[PDB]
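Here you get one chain, nothing else, as structure tokens; it is the form deposited in one PDB entry.
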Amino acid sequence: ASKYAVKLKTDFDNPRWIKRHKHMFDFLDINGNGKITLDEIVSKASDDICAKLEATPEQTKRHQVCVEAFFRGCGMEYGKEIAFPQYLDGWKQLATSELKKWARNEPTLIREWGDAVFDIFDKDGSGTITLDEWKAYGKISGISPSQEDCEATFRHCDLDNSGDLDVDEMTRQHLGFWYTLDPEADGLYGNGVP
């Protein structure tokens, strides 16, 4: 099954990797000082997104704890200001480590994060995401506020064409965008992220 088939390794010191994370870095650098902190990342990637999605307090805590683990895996910490090259070093370590974990059947940070987001999207608790529950990632995060190709990204996430999404599909498309830079996932976050 495509949703469980992931590359064993990736390449990192290329223009697509660098530009993708640069656009995210600049967006998450709330105070614009050229350094990113875990405070800034959690504010944008967890506080604002869970508020927009009307997550419950338990869902929001869970989500935040997953975001913190994930970015601690990149070398982030509260109050620690990190410049873009060291941020990139961290993401290289994280992606390398996580792809090895996947191939060895060890739990990954990205899959746990997927679980937390999936639970929030699955408003009726059905165990799948239907098109009416789906959202444009670029729009809910604010980095591409004009993104409206929800149905196209939904269809591409739906690897088995069941007409709905499971958590493994959502996680596979997310990992495709951020670890392995799969061309099929390009555009997932709208025009604000190359």
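Superpose the two forms; the largest set of C-alphas matching within 1.5 Å is the rigid core. In this text, residue numbers run from 1 along the sequence as written.
Enquirer: Comparing 45-53 with 143-151, where is the mean C-alpha B-factor higher?
Expert: Result: 143-151.
Enquirer: On mean C-alpha B-factor from the PDB entry, just flag whether 180-188 or 9-17 is the higher one.
Expert: So the stretch with the higher mean C-alpha B-factor is 9-17.
Enquirer: Using the temperature factors in the entry, find which of 130, 126, 162, 64 has the highest value at its Cα atom.
Expert: Of 130, 126, 162, 64, 126 has the highest C-alpha B-factor.
Enquirer: Could you place residue 172 in the lowest, middle or highest third of its chain by Cα temperature factor, using the values in the record?
Expert: Lowest third of the chain for residue 172's C-alpha B-factor.
Enquirer: Hey, what third does residue 94 fall into on Cα B-factor, ranked over its chain?
Expert: It belongs to the middle third of the chain when residues are ordered by C-alpha B-factor.
Enquirer: Taking the entry's C-alpha B-factors for this chain, is residue 76 in the lowest, middle or highest third?
Expert: Its C-alpha B-factor belongs to the lowest third of this chain's values.
Enquirer: Lowest, middle or highest third of the chain for the C-alpha temperature factor of residue 116?
Expert: Lowest third, going by the recorded CA B-factors of the chain.
Enquirer: Taking the values exactly as deposited, rank residue 134 by C-alpha B-factor within its chain and report the matching third: lowest, middle or highest.
Expert: It falls in the middle third of the chain.
What comes next is about the form deposited in another entry, which does not appear here.
Enquirer: Relative to the superposed rigid core, does the CA atom of residue 70 travel 2 Å or more between this form and the one not shown?
Expert: No, because once the rigid core is superposed, the C-alpha of residue 70 moves less than 2 Å between this form and the one not shown.
Enquirer: With both forms fitted on the core, give yes or no for whether the Cα of residue 132 moves by 2 angstroms or more between this form and the one not shown.
Expert: Shift of 2 Å or more: yes.
Enquirer: Please check if residue 157 moves between this form and the one not shown, taking a CA shift of 2 Å or more relative to the superposed core as movement.
Expert: Shift at residue 157: 2 Å or more after core fit.
Enquirer: Having a change of 3 Å or more in the C-alpha distance between residue 88 and residue 46, I'd like to know whether it is closer or farther in the other form than in the form here.
Expert: They are farther apart; the C-alpha distance rises by 3 Å or more in the other form.
Enquirer: Which is it in the other form for the CA atoms of residue 159 and residue 99, closer or farther than here, knowing they shift by 3 Å or more?
Expert: Farther apart, which means the C-alphas of residue 159 and residue 99 are at least 3 Å more distant in the other form.
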